[PDB]
Amino acid sequence: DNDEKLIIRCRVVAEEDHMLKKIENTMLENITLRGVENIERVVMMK
Amino acid sequence: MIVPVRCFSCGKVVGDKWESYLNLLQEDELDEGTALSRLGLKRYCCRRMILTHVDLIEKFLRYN
Amino acid sequence: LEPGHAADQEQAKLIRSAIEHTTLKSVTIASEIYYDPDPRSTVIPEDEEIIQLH
Amino acid sequence: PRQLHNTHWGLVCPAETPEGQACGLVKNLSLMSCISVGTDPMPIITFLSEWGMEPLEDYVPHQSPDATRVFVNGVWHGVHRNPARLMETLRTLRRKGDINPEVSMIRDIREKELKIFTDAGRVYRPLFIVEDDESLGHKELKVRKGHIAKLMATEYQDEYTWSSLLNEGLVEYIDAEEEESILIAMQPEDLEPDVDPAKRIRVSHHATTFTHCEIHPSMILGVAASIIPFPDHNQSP
Amino acid sequence: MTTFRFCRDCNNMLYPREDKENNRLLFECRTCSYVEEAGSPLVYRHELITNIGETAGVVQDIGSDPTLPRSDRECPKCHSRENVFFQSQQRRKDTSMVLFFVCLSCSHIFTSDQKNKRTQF
Amino acid sequence: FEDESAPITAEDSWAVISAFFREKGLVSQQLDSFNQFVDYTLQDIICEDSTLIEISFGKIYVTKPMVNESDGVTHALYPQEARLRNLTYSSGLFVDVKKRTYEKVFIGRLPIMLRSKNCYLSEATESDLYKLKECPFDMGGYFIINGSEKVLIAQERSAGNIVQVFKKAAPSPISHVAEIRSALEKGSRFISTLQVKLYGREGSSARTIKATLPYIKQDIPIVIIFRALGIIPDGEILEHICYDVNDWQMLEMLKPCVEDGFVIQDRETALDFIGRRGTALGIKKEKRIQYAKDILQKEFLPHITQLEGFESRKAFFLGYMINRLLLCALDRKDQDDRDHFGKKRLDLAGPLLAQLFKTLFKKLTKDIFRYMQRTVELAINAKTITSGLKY
Amino acid sequence: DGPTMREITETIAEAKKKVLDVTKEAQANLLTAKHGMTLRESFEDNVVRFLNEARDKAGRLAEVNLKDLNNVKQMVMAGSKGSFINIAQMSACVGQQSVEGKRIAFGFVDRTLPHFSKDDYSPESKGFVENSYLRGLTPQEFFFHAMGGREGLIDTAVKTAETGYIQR
Ligand SMILES: [Zn+2]
Ligand SMILES: [Zn+2]
Ligand SMILES: [Zn+2]
């Protein structure tokens, strides 16, 4: 976290850049980080 | 169609002034409002009578 | 918010972030695929440090 | 389709529409709109390649990347490398009659496109043309007082006409599409460079590049709304 | 920032291949028996947050476009005060409303973006 | 003496506007469109399908207006009388026919618009109008059919020939499409739709593109369409689409397109894959191939050319459209505004009655080839045209 | 009153300056969004607050200045007819116009009408009407109020028909 740049670096574990680029889309879209499905914005109000 | 005989609102005869109104303008060169006041039509109700008549008959009589 | 904690601006932040849906995608600036064949060192200046932790 | 859209400015009336189900879909042409009747493209086409248009078969995008794509009724006929030459001549030629006045030409300077249209059913209107220069310093409308008097002598003899106005490059007809490539002044005084507390506020000419001026704003209306007095003092409905 | 290669002989695109022994990157073709070595190890990029295209349109003739607003800003290059200016031409919901100015003597492009991270445009 | 060079002022606009209206009056939209019909569209309707299988029509004259009588017969008809007798202010049509061997002439009544060039009242003066019992103020631009005065209302439609792109909502498997309605001033008005589709939503898996051609019952990968036209190598194909070699963005977008069409590497093949999607099992290859060639020469982007040498022009235009779509996908341009009036056309009298009188002159010319397919060996139904008009 | 209209005119002037700084502020990228709301949305929400808070202050201004004998006021007073917004629009300023909840939108490319230059987000460009009905509208104003107007006239036929079917 100190590191000044955030970087994630991924490899698989024979035809290997397809699985990469689907893998990538799973990454980017079907990973829930924090939060509850379906709740797209939340706003505070007083 | 034709000058109306009286002011709608006051009764003043106004049917006997159209000839003259128009001679006052074309023959003695008066502007429409000094003309109308010459004819004695000094309330706005009768003014409007002269001032806004439209002599449509003139165009009706062109048909045979 | 829970009865004690309802006029902490900072406890309703936390609550908003425990709820609001968050994917890798909202945080990700770019992705890339490189040929970097030797898993013990690297074509990438910048991840020398990263790698150098294993 | 029911809403008034910015692009009906000046071609359809912003007021006259029937209530109900037609609302919006029944329109009436502005007092001065017209609609093209179509005219054949083939001199334009031919002129274009006299003026340096390159044909699609020779086009090599990789070797002419800066080029302007030229379309005529919706066909890509090729590319050109000085469209600004081309366009200054085209317009000259339509402002003297040699390309018909109801033809439309647009150049889109950043899109690197020049689109011309010569088909029927486009609706249009006239505007003044505004030119730098003169000599006399600023951008001025091309008509001037003498043109007007020739107009009015003609009126009073009841020969200078409408068309004399188009032929001389003083007025030109503009359709919605070419309206997007211009900038129009609302009153001729926005060209020259203590107020009556009772007059309406207007916010000035922050404009040195007009290419045209409206003839009169009150032409945006149609037949009916041209009969209401002071419709600029009424709620819209 | 991938840059895209084609067969010398066929003009078809090339695809990456690992040289399994010597641990290197090749581009081969699928039609020919053409191969060549790779120029970089980058084979693919995906910008979720992108600027390509902010400055789409800046053309030699930008200054004859009468629609464009103009300002008396000065350039960083020419010390000129003849610009035309526009907003991002990306067309995002998620764009900033920053200004890009085009110097009409020297053709240099410059922003009003106080948080300028950009070298080029 | 006041400078002739002087700049005008706001008052002076009304002069110009009076001048506009003295010349044009208030319904030129009506008149100018009828007159161009009369003068130019008519005749052009006869010299598209002029000949059959021999017989070819030539020149047209149009009569002044007149009536087929009850008894004492055929007579100049003024608009006043057509109104009062429930008549139909019409004139008639005359071609110039030719018999020529290979194994004047009335043809009907055209309702004429008042104040057009062909109606008596355009030339008339004031006086003449009063004698005729026509008010000097009437302006024309309507017809009289069966005595009732009848106006055509302009109709609004989209223009043709225009490329529009569109995003498509959420449960759809296409995400953008691009679409043109291709069509003609000369030929007919045959209206093919090309659509160009980008498959898969924002990060589906290989987003591809493919195009829907007419009579072809599968969508065809766009690279296969470019090879069927003749542009074979990835390299040249992408070049008609992405006119900037440093847009790595777009070209990365075109990769799955290139894998989609990697099975077909020359134009015969390409023909054939398309040909097969248009013919039945059985049909032989060279007949397939030519199916595909004919679809593409005749029914794919026909506003460009419908004749033989014209492939670099369609390839480019297909390319451009794909460029359009991508630019929208990549979020550099907005989806097209379907409410831009500049993109609309309004159809009046002219073109409405040419929908019509072309449609029926093409019944009337097909009734001629049945004086002829059934002749084992100047005999024409006139009315069909007269009453299709008036009806 | 002449004094009141000078105060109305400034009231209005002040709001146009506040939008101008918001503008420049966004144009230097120093504006912040707050949380999920875009930048641009943030900007709009702000200039429309500003312009309507103008409209309103300008009208309260008028309302105060007019006298007890003011017959419009006498009607509102009694209840019989007219409200604030009426006084306001007639006498001080008609206000921001809008179509689907937003400022007049760029129907031509990057602009609301060809009498403006591109990228113009100012009041006048996207639909504020400064004037009152007494004073009358400008051409531009005129057209954007009718855009607005129109939206109601459709929204009211759709209302009335949606409404009758529910009722039954
Ligand atoms: Zn009286
Ligand atoms: Zn090869
Ligand atoms: Zn510079």
# chains A, B, ... in the order shown; residues from 1 in each chain; ligands from 1
>>> interface_residues(of="chain E", to="chain C", cutoff="9 Å", atoms="only C-alpha atoms", output="NGL selection string")
:E and (18 or 23-25 or 40-50)
>>> write_last_selection(atoms="N, CA and C atoms", output="mmCIF file, in the first residue's frame")
data_model
loop_
_atom_site.group_PDB
_atom_site.id
_atom_site.type_symbol
_atom_site.label_atom_id
_atom_site.label_comp_id
_atom_site.auth_asym_id
_atom_site.auth_seq_id
_atom_site.Cartn_x
_atom_site.Cartn_y
_atom_site.Cartn_z
ATOM 1 N N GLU E 18 5.223 -17.263 -28.636
ATOM 2 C CA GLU E 18 6.262 -17.387 -27.669
ATOM 3 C C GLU E 18 7.340 -18.404 -28.521
ATOM 4 N N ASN E 23 12.850 -18.145 -24.909
ATOM 5 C CA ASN E 23 12.036 -17.199 -24.101
ATOM 6 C C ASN E 23 11.968 -15.837 -24.750
ATOM 7 N N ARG E 24 11.496 -15.926 -25.957
ATOM 8 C CA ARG E 24 11.253 -14.540 -26.638
ATOM 9 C C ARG E 24 9.951 -14.365 -27.359
ATOM 10 N N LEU E 25 9.633 -13.071 -27.651
ATOM 11 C CA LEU E 25 8.377 -12.858 -28.384
ATOM 12 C C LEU E 25 8.385 -12.718 -29.859
ATOM 13 N N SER E 40 8.054 -4.664 -29.054
ATOM 14 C CA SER E 40 7.905 -4.719 -27.600
ATOM 15 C C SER E 40 7.251 -5.869 -26.999
ATOM 16 N N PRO E 41 7.166 -6.009 -25.640
ATOM 17 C CA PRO E 41 6.423 -7.162 -24.998
ATOM 18 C C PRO E 41 5.083 -6.931 -24.633
ATOM 19 N N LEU E 42 4.678 -5.891 -24.989
ATOM 20 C CA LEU E 42 3.270 -5.519 -24.963
ATOM 21 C C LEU E 42 2.456 -5.876 -26.004
ATOM 22 N N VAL E 43 1.654 -6.757 -25.687
ATOM 23 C CA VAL E 43 0.705 -7.174 -26.671
ATOM 24 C C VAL E 43 -0.703 -6.717 -26.714
ATOM 25 N N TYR E 44 -1.107 -6.158 -25.604
ATOM 26 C CA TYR E 44 -2.592 -5.589 -25.389
ATOM 27 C C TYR E 44 -2.745 -4.788 -24.228
ATOM 28 N N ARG E 45 -3.506 -3.831 -24.624
ATOM 29 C CA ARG E 45 -3.979 -2.592 -23.715
ATOM 30 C C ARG E 45 -5.448 -2.135 -23.841
ATOM 31 N N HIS E 46 -5.880 -1.738 -22.617
ATOM 32 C CA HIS E 46 -7.325 -1.453 -22.252
ATOM 33 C C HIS E 46 -7.360 -0.426 -21.297
ATOM 34 N N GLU E 47 -7.690 0.662 -21.870
ATOM 35 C CA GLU E 47 -7.758 1.858 -21.081
ATOM 36 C C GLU E 47 -9.201 1.956 -20.588
ATOM 37 N N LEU E 48 -9.495 1.810 -19.283
ATOM 38 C CA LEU E 48 -10.871 2.166 -18.827
ATOM 39 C C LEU E 48 -10.903 3.661 -18.765
ATOM 40 N N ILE E 49 -9.831 4.363 -18.421
ATOM 41 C CA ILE E 49 -10.104 5.867 -18.328
ATOM 42 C C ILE E 49 -9.298 6.685 -19.436
ATOM 43 N N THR E 50 -9.894 7.108 -20.552
ATOM 44 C CA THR E 50 -9.067 7.412 -21.689
ATOM 45 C C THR E 50 -9.219 8.610 -22.168
#
>>> residues_around(residues="residue 246 in chain F", least_positions_apart="2", cutoff="10 Å", atoms="only C-alpha atoms", output="PyMOL selection string")
(chain E and resi 1-4) or (chain F and resi 242-244+248-251)
>>> closest_residue(among="F:252, F:377, F:294, F:234", to="ligand 2", atoms="only C-alpha atoms and all ligand atoms")
F:234
>>> closest_atom_pairs(of="chain A", to="chain F", cutoff="9 Å", atoms="only C-alpha atoms", output="tab-separated table")
residue	atom	partner	partner_atom	distance
A:21	CA	F:205	CA	8.5
A:22	CA	F:205	CA	6.6
A:25	CA	F:203	CA	6.8
A:29	CA	F:203	CA	8.9
>>> write_last_selection(atoms="C-alpha atoms", output="mmCIF file, in the first residue's frame")
data_model
loop_
_atom_site.group_PDB
_atom_site.id
_atom_site.type_symbol
_atom_site.label_atom_id
_atom_site.label_comp_id
_atom_site.auth_asym_id
_atom_site.auth_seq_id
_atom_site.Cartn_x
_atom_site.Cartn_y
_atom_site.Cartn_z
ATOM 1 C CA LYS A 21 -8.451 -11.989 -21.994
ATOM 2 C CA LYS A 22 -11.629 -13.448 -20.910
ATOM 3 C CA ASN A 25 -13.072 -9.236 -18.200
ATOM 4 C CA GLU A 29 -16.689 -6.957 -14.043
#
>>> select_by_dssp(residues="range 10-51 of chain B", states="alpha helix (DSSP H)", output="PyMOL selection string")
chain B and resi 18-26+32-38+44-51
